[PDB]
Amino acid sequence: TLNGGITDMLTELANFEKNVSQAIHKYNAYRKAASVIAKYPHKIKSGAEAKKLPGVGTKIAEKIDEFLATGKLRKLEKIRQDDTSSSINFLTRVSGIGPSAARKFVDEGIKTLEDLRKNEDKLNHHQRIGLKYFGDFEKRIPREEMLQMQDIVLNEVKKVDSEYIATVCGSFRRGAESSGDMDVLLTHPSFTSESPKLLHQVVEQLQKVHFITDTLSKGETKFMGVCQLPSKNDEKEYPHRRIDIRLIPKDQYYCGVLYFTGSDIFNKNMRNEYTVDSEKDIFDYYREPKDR
DNA sequence: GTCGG
DNA sequence: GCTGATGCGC
DNA sequence: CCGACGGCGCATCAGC
Ligand SMILES: Nc1ccn([C@@H]2CS[C@H](COP(=O)(O)OP(=O)(O)OP(=O)(O)O)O2)c(=O)n1
Ligand SMILES: *P(=O)(O)OC[C@@H]1O[C@H](n2ccc(N)nc2=O)CS1
Ligand SMILES: [Cl-]
Ligand code: NA
Ligand code: NA
Ligand code: NA
Ligand code: NA
Ligand code: NA
Ligand code: NA
């Protein structure tokens, strides 16, 4: 948190590059600079000090210098105040609204959530769901709720066919105290690298018990949607949550599990998601999810 | 925007 | 209607 | 100096 001013500034610039400029490589450059500075154990005093870090070059060093002198960046102040650029950047916070859709909406005078609400006919299915749960989607999920969600998923999965194997992956599997979403990996002995309706049946059951509430996409191997825990008589509704379910062939299942458990950095220096009869087999060259 | 061949 | 391209999320 | 900078499932578009 020592350089939060700088990292905040670089993330804001990254967002403008991705959402407004449509310059994905600059978005990534700014994000990489932000992340190396975030983990730097000193409070940065000059652009020159920052440049020493991989991913910080001449232009970001110059911006760091301006920020340290003035607590702001003229360029960033100007883009913030720009009605068009700030509106485009904002609308991409809606799931399903990317840089192209945001630009098209803003060019039509649709600039706010309110405007989106009045214009349901101009939104596709995903965007309508993104708008409906805009606030809920930006919330994190407490571990306590993830456990309750896990409970429902594993119960209903076994109920459909006791031969399914399902594992909730992500930071949750590593024992984290909160998650952004629920990631479920599903397999079945019948499904292998060369092999009916295995995903649909699970999705249908989870809908039957009113756990899955909406669908963003559903193909033969991947479901993306929305779920919600049940409430009671006089306790406030749980937020709606993002849930993904991936059907993976049995012989590739445990590579997927390794992958989708992470962490990202752990995967990187353990280094694909596809190609084994357990997590231990791959470890070869064993660490449990807690210490990954 | 940064890096490196 | 078909097929390959594009947008999007992650 | 100048090209690399990620891959893939699904929804939907754009070109015939
Ligand atoms: N951007 C990323 C993030 C994760 N990973 C890999 C594959 S999924 C595995 C575990 O991801 P985590 O759940 O720790 O990261 P998330 O960003 O989903 O944290 P949550 O907000 O907890 O959900 O790490 C990646 O390759 N690229
Ligand atoms: P989500 O943020 O839940 O991430 C989980 C998995 O990580 C992989 N991933 C994340 C981000 C990006 N940009 N690319 C990517 O492959 C797949 S989903
Ligand atoms: Cl770019
Ligand atoms: Na551009
Ligand atoms: Na550097
Ligand atoms: Na979006
Ligand atoms: Na977004
Ligand atoms: Na996640
Ligand atoms: Na597909």
Side-chain angles (χ1 to χ4, degrees), chain A residues 6-7 9-37 47-48 50-66 73 75-76 79 88 91-105 121-131 133-134 137-138 140 169-172 179-186 198-200 203 214-226 241-249 252 255-256 259-264 267-268 271-275:
Chain A
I6 290 164
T7 287
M9 160 185 76
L10 303 172
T11 296
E12 213 184 322
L13 289 167
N15 287 334
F16 275 108
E17 295 297 338
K18 173 165 68 74
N19 303 320
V20 185
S21 295
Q22 297 185 60
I24 194 70
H25 308 301
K26 298 203 195 184
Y27 158 77
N28 279 311
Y30 282 122
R31 261 183 79 192
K32 192 148 51 47
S35 77
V36 73
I37 287 162
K51 204 176 174 300
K52 295 187 167 202
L53 299 173
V56 182
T58 316
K59 299 188 104 151
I60 288 162
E62 272 160 24
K63 290 171 204 306
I64 287 176
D65 281 343
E66 180 184 349
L73 225 60
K75 283 197 159 158
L76 191 50
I79 202 147
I88 291 177
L91 293 182
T92 70
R93 284 173 62 194
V94 182
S95 192
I97 297 185
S100 175
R103 183 159 294 274
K104 266 148 24 162
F105 289 140
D121 65 298
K122 296 182 182 289
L123 310 191
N124 63 34
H125 188 250
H126 189 138
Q127 290 164 346
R128 287 178 173 117
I129 291 172
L131 175 64
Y133 306 116
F134 183 79
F137 290 170
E138 294 192 331
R140 287 186 71 75
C169 298
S171 74
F172 168 83
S179 312
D181 44 56
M182 167 163 277
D183 250 55
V184 179
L185 279 69
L186 185 71
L198 291 169
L199 183 54
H200 173 86
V203 172
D214 308 87
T215 306
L216 301 164
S217 59
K218 191 175 99 67
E220 308 172 325
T221 51
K222 188 177 178 178
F223 169 87
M224 293 174 69
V226 186
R241 312 299 199 170
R242 281 276 295 102
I243 182 164
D244 282 15
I245 308 162
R246 296 177 201 261
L247 180 67
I248 295 162
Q252 295 188 310
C255 268
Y259 183 72
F260 288 106
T261 300
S263 62
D264 194 355
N267 285 340
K268 237 83 172 172
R271 282 197 302 256
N272 60 26
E273 70 175 66
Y274 311 99
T275 43

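Protein chains get the first letters and strands the later ones, always in sequence-line order, with residue 1 at the start of each. In what follows, every heavy atom counts, from backbone to side chain, and hydrogens, waters and symmetry copies are set aside.
Expressed to the nearest 0.5 Å, how far CG of A:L186 lies from CZ of A:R246 amounts to 12.5 Å. Here the straight-line distance linking atom CZ of A:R140 with atom CG of A:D181 works out to 8.0 Å at 0.5 Å rounding.
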Original post:
What string of B, S and - do you get for nucleotides 2-10 of chain C, 5' to 3', if B is base contact, S is sugar-phosphate-only contact and - is no contact with any protein heavy atom under 4.0 Å?
Top reply: -----SSSS

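Residues that satisfy the side-chain hydrogen bond (donor to acceptor under 3.5 Å, both in side chains) test with A:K268, not counting sequence neighbours, are A:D264. Taking the ring-ring contact (aromatic ring centres under 6.0 Å, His included) definition, one finds that A:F134 meets it with A:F90, sequence neighbours left out. Every residue two or more places apart in sequence or in another chain that forms a side-chain contact (heavy atoms from CB on, under 4.5 Å) with A:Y259 is listed here: A:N267, A:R271, A:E273. For A:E17, the salt bridge (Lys or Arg N to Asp or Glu O under 4.0 Å) criterion is met by no residue, not counting sequence neighbours.
Spacing between atom CG of A:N28 and atom P of D:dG3 amounts to 20 Å, rounded to whole angstrom units. Following rounding to the nearest Å, A:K18 (NZ) and D:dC5 (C1') show an atom-to-atom distance of 17 Å. Atom CG in A:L123 sits about 18 Å away from atom P in D:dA11, given to the nearest Å. Nucleotide D:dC5 holds its P atom 17 Å from the CZ atom of A:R31, rounded to whole Å. Rounded to a whole Å, the CD1 atom of A:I245 is 15 Å from the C1' atom of D:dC10.
A:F223 comes within 4.0 angstrom of no nucleic acid atom, judged by non-hydrogen atoms across all strands.
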Would you mind writing out the side-chain donor-acceptor pairs for residues 26-35 of chain A within the sub-3.5 Å range, not counting sequence neighbours?
{"unit_1": "A:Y27", "atom_1": "OH", "unit_2": "A:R31", "atom_2": "NH1", "d": "2.6"}
{"unit_1": "A:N28", "atom_1": "ND2", "unit_2": "A:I24", "atom_2": "O", "d": "3.2"}
{"unit_1": "A:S35", "atom_1": "OG", "unit_2": "A:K32", "atom_2": "O", "d": "3.2"}

Side-chain donor-acceptor pairs of residues 56-63 of chain A under 3.5 Å, sequence neighbours excluded:
none

Return all side-chain donor-acceptor pairs below 3.5 angstrom for residues 96-104 of chain A, not counting sequence neighbours, or 'none' if the list is empty.
{"unit_1": "A:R103", "atom_1": "NH2", "unit_2": "A:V20", "atom_2": "O", "d": "2.9"}

Show each protein N/O and nucleotides 1-5 of chain B N/O combination with a separation under 3.5 Å, one pair to a line.
{"unit_1": "B:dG1", "atom_1": "OP1", "unit_2": "A:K59", "atom_2": "NZ", "d": "3.1"}
{"unit_1": "B:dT2", "atom_1": "OP1", "unit_2": "A:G57", "atom_2": "N", "d": "2.9"}
{"unit_1": "B:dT2", "atom_1": "OP1", "unit_2": "A:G57", "atom_2": "O", "d": "3.2"}
{"unit_1": "B:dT2", "atom_1": "OP1", "unit_2": "A:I60", "atom_2": "N", "d": "2.9"}
{"unit_1": "B:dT2", "atom_1": "OP2", "unit_2": "A:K59", "atom_2": "N", "d": "3.0"}
{"unit_1": "B:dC3", "atom_1": "OP1", "unit_2": "A:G55", "atom_2": "N", "d": "2.9"}
{"unit_1": "B:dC3", "atom_1": "OP1", "unit_2": "A:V56", "atom_2": "O", "d": "3.3"}

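C:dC8 and D:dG6: their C1' atoms are spaced 15 Å apart (whole Å).
Comparing A:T221 and A:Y259, the nucleotide of DNA chain D nearest to each residue sits closer to the 5' end for A:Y259.
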